[PDB]
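Single chain ahead, written as structure tokens, the form deposited in one PDB entry.
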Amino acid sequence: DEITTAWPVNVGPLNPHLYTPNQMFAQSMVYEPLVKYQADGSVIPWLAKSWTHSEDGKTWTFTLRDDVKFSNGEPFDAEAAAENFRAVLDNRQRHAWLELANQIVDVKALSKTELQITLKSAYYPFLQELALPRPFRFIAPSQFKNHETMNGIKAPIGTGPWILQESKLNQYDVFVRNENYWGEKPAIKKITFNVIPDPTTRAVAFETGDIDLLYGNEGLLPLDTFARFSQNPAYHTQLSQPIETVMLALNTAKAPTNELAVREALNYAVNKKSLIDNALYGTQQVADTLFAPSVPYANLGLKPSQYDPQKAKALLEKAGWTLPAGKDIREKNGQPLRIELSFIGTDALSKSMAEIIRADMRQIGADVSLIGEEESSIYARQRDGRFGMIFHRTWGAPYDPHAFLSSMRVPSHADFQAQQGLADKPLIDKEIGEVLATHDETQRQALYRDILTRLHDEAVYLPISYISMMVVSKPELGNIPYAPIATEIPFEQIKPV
């Protein structure tokens, strides 16, 4: 029958080619890619039924499916696809994070069913990136604004299994099944998203039976509630295997995290196991490295820095950071060891984790100053480089590691900003561009090794934990599957009671 859920914000215009305020989960319900990501890291035919490969690795020819219509009824053509790529590529610099956007030289519709794509070089992540939620998915060209999407679209018309119903009230986004869908019909016919800003209200609405499912891991319900729910059979909860890392990004261009010895010492200071148990209700795993070893090209045997306050103090001592009799905070040339940790003040877990971080770090003679602020000002901080330490997370499959590394080269973003003090930073960036264009496996693995190892050994990050996808479900829904892409929600696989 029908399902109701909630989300902190509306779904946005649903422009397939743009970013915030469009919500990616909603983008992926309405729009579809050429090729679909699978959990084993492979891609299957999707809107593209088959594709050829030149010896070059530079020109690609996709045979498209011939039986697909936009929810309009307008046909999904090679022309329609070519026209989407064009609209995408006219806003090129905005997609610079995603190397594929820079890679595409031309897109040509050869025939109604044949789509030719040429790259400037043999870009190995090609298919995986075509499969992402955005920007390479397809709105009916009829809905462009002035032969463009850059500056807005008309109606959000995709080929996918769900249709966004015309908005009457900002408090609801309603999706209805596409009964003209080319592919398999969802058993569920309607999904209603309540826009509920407050975490506690979303938990109450689930408690009073107004919500069938909450699928998400960005604070969709409070974690203490999640933990209580997991102990109560009135509810069903799940955690997937971990999918992304949560860390601190240390600013290598700002004193005193500009000093390698300080970053190394901070990587020994946090009792991560205790933090997870006490702030996170035991729901995540301890992270020693930027990427979990199960991430592609990331099983590198890097050396963990365990919780070891003694080793940290020694590093600090050796670097000239000494304790004044008997003050607790180290000074170097009379200057105290003071470090700012910025985080979102309305995020109760950022705040709890910050406090524990401050306390662990005080034990090693670092005075960390807590700066909690509204979300949008933390995001400006990330872009501006205005932080000592800031929380940050990776992006999951299939972004990790190649797209997360690719975006590090991009000037106005947290990882780019955090690495600015590194002598290494131009070389790391060079090697990022090189790995992406690689087709030899030995070359590929060794370049990924070098980039990740430099980042680890230069102690750019303070990995904290690996977080999973999280589900809270009315029990009658039974076990919920996980979409292979972290930010998608598998609505189409859900079976009604």
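Rigid core (definition): largest C-alpha set, two forms, superposition within 1.5 Å. Counting begins at 1, following the sequence as shown.
Omitted here: the form deposited in another entry. The next part is about that form.
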> Does the C-alpha of residue 187 move 2 Å or more between the shown form and the other one once the rigid core is lined up?
Replying inline: no
> Is residue 392 one of the residues whose C-alpha moves 2 Å or more between the shown form and the other one after the core fit?
Replying inline: yes
>> residue 23 and residue 168: their C-alpha distance differs by 3 angstroms or more in the other entry. Do they come closer or move farther apart compared with the shown form?
In response: closer
>> Quick one: with a 3 Å or larger change, is the residue 17 to residue 379 CA distance smaller or larger in the other entry? Answer closer or farther.
In response: farther
